[PDB]
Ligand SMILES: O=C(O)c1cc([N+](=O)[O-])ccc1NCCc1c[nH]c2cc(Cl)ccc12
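As a starting point, one isolated chain is supplied in structure tokens, in the form deposited without the named molecule.
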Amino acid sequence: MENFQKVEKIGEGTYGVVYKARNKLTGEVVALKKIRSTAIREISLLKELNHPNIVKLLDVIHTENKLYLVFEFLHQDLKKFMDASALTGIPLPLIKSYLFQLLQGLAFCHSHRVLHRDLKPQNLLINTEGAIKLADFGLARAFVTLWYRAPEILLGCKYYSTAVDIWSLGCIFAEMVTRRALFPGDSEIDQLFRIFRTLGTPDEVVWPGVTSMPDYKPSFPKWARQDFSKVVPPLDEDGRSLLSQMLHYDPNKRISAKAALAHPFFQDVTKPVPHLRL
């Protein structure tokens, strides 16, 4: 760890503690993640997966049989920006710019067959320039909150797809708009049933094969779907339309990131600058 001076703790990651640190040789300030052969080779692929909307993996230090991941440092995450913007809410043009950029990031990773698997506001990092970036991408395959988990994961599907990231991002889109988490479950069954209460209990009509999933139960209660107009007011019809497609039950029907980028919601997309106090 010789060339890094720890400045402060900035996160208790899923995979260990994250520090702000300075590279004693480059002068660069970085986020240093202390992780705690296949994982080695996986991580190595991620070092090549470079995109403006993906937090850059600067370096991977395997030493003393230990693993440190050196990332690009950003000063703020979406959860904290949302908490700070709660009285007024994030302006819609910024919501739309953030959603657009995240879909670009996703489209990139997905075309390389890399999934995130654990998108959440805490791992979406923002800068003063109006950029937003996906952090911790691909780490889950290389090696707490249920709120953003796709229903096929909850129902015990082991071979899930890139569609899981689209589901998570839909949940985040909803939360930016309403300033409340869409599905704040506190256990797997509470999470599932929150989803069902809003989108309707799924069946063979809307999701062929659902009743054959590993944790599906014929005893699940049967709730009717709510209208989105009740779910994410005052989002306009383009936004609600896009959100509905990101939240399709069947992962095969769920919109892809590339198709989402062509959606009419993005016709008037721009790139505003947020007001960040650092």
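Rigid core here is just the name for the largest C-alpha set that superposes within 1.5 Å across the two forms. Quick note: we count residues from 1 along the sequence shown, nothing fancier.
One more form of this protein, deposited with the named molecule bound, exists but is not displayed; see below.
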{"item": "Placed ligand check: the named molecule in the bound PDB entry, overlay by site C-alphas, backbone/C-beta within 2.4 Å", "value": "blocked"}
{"item": "Single option in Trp147, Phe193, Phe100, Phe108 placed near the named molecule in the bound PDB entry, where near means a heavy atom within 4.5 Å", "value": "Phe108"}
{"item": "Joint contact, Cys171, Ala181 and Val232 to the named molecule in the bound PDB entry, by non-hydrogen atom at 4.5 Å", "value": "no"}
{"item": "Touches the named molecule in the bound PDB entry: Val177 (any heavy atom, 4.5 Å)", "value": "no"}
{"item": "Partner proximity in the bound PDB entry: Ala86 to the named molecule, non-hydrogen atom cutoff 4.5 Å", "value": "no"}
{"item": "Non-hydrogen atom contact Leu139 with the named molecule in the bound PDB entry at 4.5 angstroms", "value": "yes"}
{"item": "Residue contact check: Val114 to the named molecule in the bound PDB entry, 4.5 Å heavy atom", "value": "yes"}
{"item": "Sequence-ordered residues of 66 to 83 touching the named molecule in the bound PDB entry, heavy atom within 4.5 Å", "value": "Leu67, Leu69, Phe71"}
{"item": "Position with Cα shift of 2 Å or more, rigid core superposed between the shown form and the other one, options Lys253, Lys66, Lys217, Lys222", "value": "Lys66"}
{"item": "C-alpha of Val269 off by 2 Å or more between the shown form and the other one on rigid core", "value": "no"}
{"item": "Core-aligned C-alpha movement of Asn50 between the shown form and the other one reaching 2 Å", "value": "no"}
